Structures are given as structure tokens and as C-alpha cells.
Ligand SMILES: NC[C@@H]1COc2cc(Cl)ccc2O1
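Below, in C-alpha cells: the form deposited without the named molecule, a single chain.
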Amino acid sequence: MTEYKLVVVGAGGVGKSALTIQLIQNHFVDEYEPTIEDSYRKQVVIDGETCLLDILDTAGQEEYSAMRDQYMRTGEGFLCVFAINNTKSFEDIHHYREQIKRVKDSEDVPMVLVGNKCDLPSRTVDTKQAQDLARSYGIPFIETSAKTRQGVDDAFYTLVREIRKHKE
């Protein structure tokens, strides 16, 4: 039984809490909208193997978190979330990745660039410049919507595979 530590990073309001809940939710609770950072557990199967995912939904750069740096020491991979309708959230990705590289003293850190809210037709961040940013960091790019559940499982499963590929 292999565990995986995942950290969800991004500006405030990009949907990090909403993406993490849609993966985790067993739908016992109708709707649950967290406000405080927290960690959550989910069993998944990737390429034959069972996998326990610890998912930490961090607060944005706006909010203070005492454990912020420790979360990144613990994190094995990272979901970098912006919203495709907030251009500053896209520009903030450079800071969060730079912050990960500082705490982890490394560039080859398993990450996945994630452009949330793919349901809003007010698309300001083109898919092509998002893929370009992902190309420059050497990491996959996945489009998701925590509102329509699309891509949600694909993002997290991609991150776990990055961890696997990095491990060798």
C-alpha cells in the first residue's frame, strides 16, 4: 500500500477547495464548502496499484498559514491551480512554483498545471499560452471544472503519475 502526499496550491478563489472536494466527496454530505485549509484522504487505483492520496488544500498567498513551508517539505507533488477567467491567477503560478522550488531546493518537482473553471465562456487565458507555460516548466497541463466535474480525476491522476515517473 503506497501513500502519496499531494499539495494543492494557487491564488485565493481559483477553485482549489472546489477541485479537492469534488475528488474527495463521497456525497454523504450534500454540499460542503470549506474555508480553512485541511487535508483529505482518497483511495485510488493507478495502473493496477492501490494508492492512498493525502490531499492538502492550502490557503492562498492572501491568507497566512504557519505550516505553509512544512506542507511543501511534506508535499511530494503539487497541483498549480489558476482560473482561466482570472489572468492574475495565471501570472501568480510563477510565484507558487518559485516558492516550491525554494522550500524543496530543486526544479524537477512533480507538478501539474491546472486551469480551473473551464465552464465559463469568458475565457481570458488562452489554452495555448497555458500549454506554453507548462512546456517551459516541463510539466503537464490539464483543464478542469470543479462545477462540471470534468478533468478533476484526470488532474490528480496525472500528478500521481508524475510522482511515479520522478521516483525513478
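A residue's number is simply how far along the shown sequence it sits, counting from 1.
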Quiz item: On average, are the C-alpha B-factors higher in 105-113 or in 122-130?
Solution: 122-130
Exercise. Averaging only over Cα atoms, indicate whether 71-79 or 84-92 has the higher B-factor in the PDB entry.
Key: 84-92
Practice problem: Go through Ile139, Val29, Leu56, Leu53 one by one and give the residue whose Cα B-factor in the PDB entry is largest. | Solution: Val29
Quiz prompt | Third of the chain, ranked by Cα B-factor, where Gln25 sits | solution = middle
Quiz prompt | Where the record places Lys165 (Cα B-factor, split into thirds across the chain) | solution = middle
Quiz prompt | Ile46 - Cα temperature factor, lowest/middle/highest third of chain | solution = middle
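The discussion below concerns the form solved in complex with the named molecule, not included here.
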Self-check item: Answer option from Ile142, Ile46, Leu56, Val125, heavy atom within 4.5 Å of the named molecule in the bound PDB entry
Solution: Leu56
Quiz item: Hey, in the bound PDB entry, does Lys5 get a heavy atom within 4.5 angstroms of the named molecule?
Solution: yes
